[PDB]
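Before anything else, here's the structure in question.
Going in written order, the chains are labelled A, B, C, D, E, F and G, and every chain counts its residues from 1.
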Amino acid sequence: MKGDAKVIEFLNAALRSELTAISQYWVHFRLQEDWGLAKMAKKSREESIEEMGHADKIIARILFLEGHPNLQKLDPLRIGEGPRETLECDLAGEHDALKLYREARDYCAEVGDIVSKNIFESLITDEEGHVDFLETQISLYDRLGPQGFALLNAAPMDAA
Amino acid sequence: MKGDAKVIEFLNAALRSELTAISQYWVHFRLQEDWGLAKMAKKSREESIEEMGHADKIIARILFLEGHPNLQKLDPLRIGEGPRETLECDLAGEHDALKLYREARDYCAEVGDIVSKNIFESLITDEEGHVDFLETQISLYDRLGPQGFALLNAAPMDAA
Amino acid sequence: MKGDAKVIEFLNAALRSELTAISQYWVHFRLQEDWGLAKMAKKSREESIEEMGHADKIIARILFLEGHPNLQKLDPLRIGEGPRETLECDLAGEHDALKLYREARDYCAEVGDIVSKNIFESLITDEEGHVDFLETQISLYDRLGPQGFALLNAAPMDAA
Amino acid sequence: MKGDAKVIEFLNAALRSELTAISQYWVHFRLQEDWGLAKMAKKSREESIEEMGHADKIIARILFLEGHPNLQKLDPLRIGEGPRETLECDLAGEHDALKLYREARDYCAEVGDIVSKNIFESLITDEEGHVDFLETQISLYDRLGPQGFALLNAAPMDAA
Amino acid sequence: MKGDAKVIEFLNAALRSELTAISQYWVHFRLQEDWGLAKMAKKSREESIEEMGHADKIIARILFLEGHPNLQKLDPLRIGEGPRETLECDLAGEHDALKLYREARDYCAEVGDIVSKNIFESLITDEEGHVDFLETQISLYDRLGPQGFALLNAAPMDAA
Amino acid sequence: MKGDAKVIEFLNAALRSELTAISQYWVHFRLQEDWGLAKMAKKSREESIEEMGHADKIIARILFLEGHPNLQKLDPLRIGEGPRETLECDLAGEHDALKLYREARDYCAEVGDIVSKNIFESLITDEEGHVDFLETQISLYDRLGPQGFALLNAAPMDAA
Amino acid sequence: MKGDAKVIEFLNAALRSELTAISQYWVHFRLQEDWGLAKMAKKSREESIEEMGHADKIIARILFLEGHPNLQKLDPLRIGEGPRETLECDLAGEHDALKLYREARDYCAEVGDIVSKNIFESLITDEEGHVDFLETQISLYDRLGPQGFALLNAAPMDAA
């Protein structure tokens, strides 16, 4: 089914946004793992794998609309150099993604592409979910303090 | 453990090579799925997920050597526009990767980084495995013919 | 139990014939596997393992008759360079073996070695079984055609 | 993948070495069985089947490197005429094989064929394992004495 | 079905041969048991029960051919007075039986009694099996020596 | 199999290094247990038992090469007097061991002792694994702080 | 609980005695394994692991009494060069240990350290157990003779 050229552009931009999130979360997972914050690390791994799912879903929609998925580049990565910074960087990436999705979503509605519109409403919904979580974690980070938060998310020497 | 600067460079190049393979295989999976060649598609999905594993393994080694993993860019993608071309493109990517790995591997040996050396020997071994498979598939493609090969790797209308 | 010198000669010739078949079938298995004709390959592997059994059985009979089993040489191998040729080469080897077994069998009867005679009748029976199969496969090969036969005996990319 | 002509030569020589071991072990199994040394016989059968595995593995590597596996001939067989001699003959064959493998292995390294190199390191490792075992058995043979060793490896009249 | 008078004669002679073997094996079982060679004894018991089966099979064939089975007498028994002698006596009895069976077998063939012929081929086959075993045991006896062989086939004081 | 005198020297040095690690880890386990840091203690016990395995493996290789394993002495022990010091002492011991293994490993390669070489590559790989872990733990120790780290690795009064 | 300085000295001497036994038994296990005396070897492995338990128990008591466990040295090792010698060397080590334990035990009683006293009574009891066993084995060794004993404790070629 031939799709609206601009909807395809939006989908490809969202895809690039996702590919960026995937790598950012995965690096954070690895980084957090090496810091000994296993519990924080597992969450990052999960979020990265969630984005992989979004990316796949989007690539399929692009092909169906007869466009060409472009995974050649990523937007700028934001790698935190510490526990709190990674939360900040991930949150920063979510806000940019939500901005982009709300925009794409409005355009899909205007052009009448119902299915593509709902995909963005679904993505918007998932991203607000991550935002909710990160905000709660950042809030808990300040309340507990650097050491306390690290303790809560660290693994004992005899773990796994 | 501080690592040899050039070993880290090689690891980051191998990582970029892998991130490229991951996306190339995934696009091929999606493309093959839309062509109705489900069986060919599932194989591509598997190979893409194998590369994801390699990438993760490499990022961890980089962090351990105290380097910084860089997933900001991918090498040029090779997207086939048909069944046979995708096999060709994937095979082309394997040869470039093997070339790079044999090079990195020699350098690790020369510098004495035993563990990093074996990682490249492991990657070289896996890639020769994929090459073996692709060559057999390309050979089978020419023997069966375009239609015959597509038939062998297609899914009936009542599938899954 | 001391056996008839010539029966032992026949047994050693049959053994050499079998050792030849074992290797011919095994190479064909490997060759067919690399061609992507897995189903054809599995049959060759089975036949090779059947011959291994015959060989073992014959070596035991030779030792019992107090002779010396000689596995130092094989008769000329017939390696096909393609699907149909391998069927032809295997069929060619069966005919030579049957010829030899019918001869040995008559001699065992003449000399009165009942048990050795039945072993050759058993071998003759198994070989006629393989001949039956190969003839049916060759016939099916011509009916289906090169591509069709290869298709029927090929494995999909997502196999095993 | 086209391979180095000399690596293929080495692989075919190793193959010939293995085909030789297979038959030597199998004859020893049969011989030992007729002597009533069932326990010694079962070990020989196992070792013969191990070599069969090595041979298969090597034939596959040869085909992948686009060479032609040659199973037409075997190196000279060494058939012991008694319990201790068979141990000696098998040990003699191991030393020749190890010599050949260490040589092939060095060449693979020099030419940079990593995978083929590791195959020879794997074979070298397995062969040193058999050598270890045989040396321990020969040592135990002299300590126990001909009759004692035969007793330890013999089966009672009511066995199996 | 009225049978050939001479085939019936042969069957009755074979029967007498078997009734003889049954008792010879059973006495040997008992003797060996009293000597404390339980493992040697169990084998003799098994062989005796095998012959019982042969005898039954033969009596049935005789009745079918409308002849009269005669179990009134046995051929001369051969009772060994020691471990090795019993093996010798049993082996001596096998050779006489095989001689008789090969003779009966030829006659059945000449007269065209197919079924009776195969019975003798079956008996010949079983007897060569026992001969094979006994020869291996006698060989093992000389290799191990009187004491060693007795040890291998003896039961500990706390057995069964 | 007679081995290279100097390879045996290296193996015995590696053995001494391992016997040292075994006792150092075990004392640390006991010490940490008495401090109430059960989780830290269990990890030390595991590492000590890992080294026991290495030691056994090395003693076996020495005997095979016909050398004489020498477990009469240990290198200087490094007993920490507190949580962080034990991590430091264990890390210090790993670096010395890696130094020794890389040296032995190069020599095995030079002399062509393939199997012994791989044992050192295996040991080097395991030790880099422990180093990775200890570095992550030391890093986590400074991030959490003395009290926080002790808390994370301590057992409640109602434990086990 | 601060302990009697001399009790701690005795405990550390007993510890050194045990660390010595551990290594002596383990070397004997390995040696016996290479000789092909698997059954004798498994017993040595068990005894070595028993001593490991004693050592651990003693180190814990030392720490509780606020002393410092010293595993830096071992008493002189006694490595037998043959089956019977290893039994002799192990027995020699037991007698020295018992001598030391009876001495430490008396001192603990005199000073009133009840718990430490019972530990030595427990060790004395276990050691007399090993002595009982070794004496029975040495006696059985002379009764059976070198070859007979080796036979009883050897493993067949098809073992494990």
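Methods note: contacts are C-beta pairs under 8 Å (C-beta built on N, C-alpha and C of every residue); 3 or more make two chains touch, one makes a residue touch a chain.
Composition by chain, UniProt nomenclature: A, B, C, D, E, F, G = Bacterioferritin.
Legend: contact pairs of B-F compared by residue number with C-D, D-G or D-F; the interface matching in over half of them is D-F. Ranking every chain by how far its Cα centroid lies from the centroid of chain E, the top place goes to A.
Between the Cα centres of chain C and chain E there is a gap of 36 Å. Separation between the centroids of chain B and chain C, computed from CA atoms only, is 41 Å.
For this pair, chain A with chain E, the centres built from the Cα atoms lie 84 Å apart. Chain C and chain G have Cα centroids separated by 62 Å. Shared interface positions of chain A, defined as residues touching 2 or more other chains, are 34. Of all possible chain pairs, those that touch are A-B, A-F, B-C, B-D, B-F, C-D, C-E, D-E, D-F, D-G, F-G. By the touch criterion stated above, chain F contacts chain G in their complex at residues 19, 23, 26-27, 30-31, 33-34, 56, 59-60, 63-64, 69, 71-74, 76-77. Within the complex, the chain F residues that touch chain D are 1, 64, 112, 114-115, 118. Contacts from chain E toward chain D in the complex involve residues 38-43, 46, 136-137, 139-140, 143-145, 148, 151-153.
Residue ranges of chain C in contact with chain B, taken from their complex: 34-37, 146-148, 150-151, 154, 156-158.
Residues 102, 105-106, 121, 124-125, 128, 131-132, 135 of chain E are the ones that touch chain C when the two sit in their complex.
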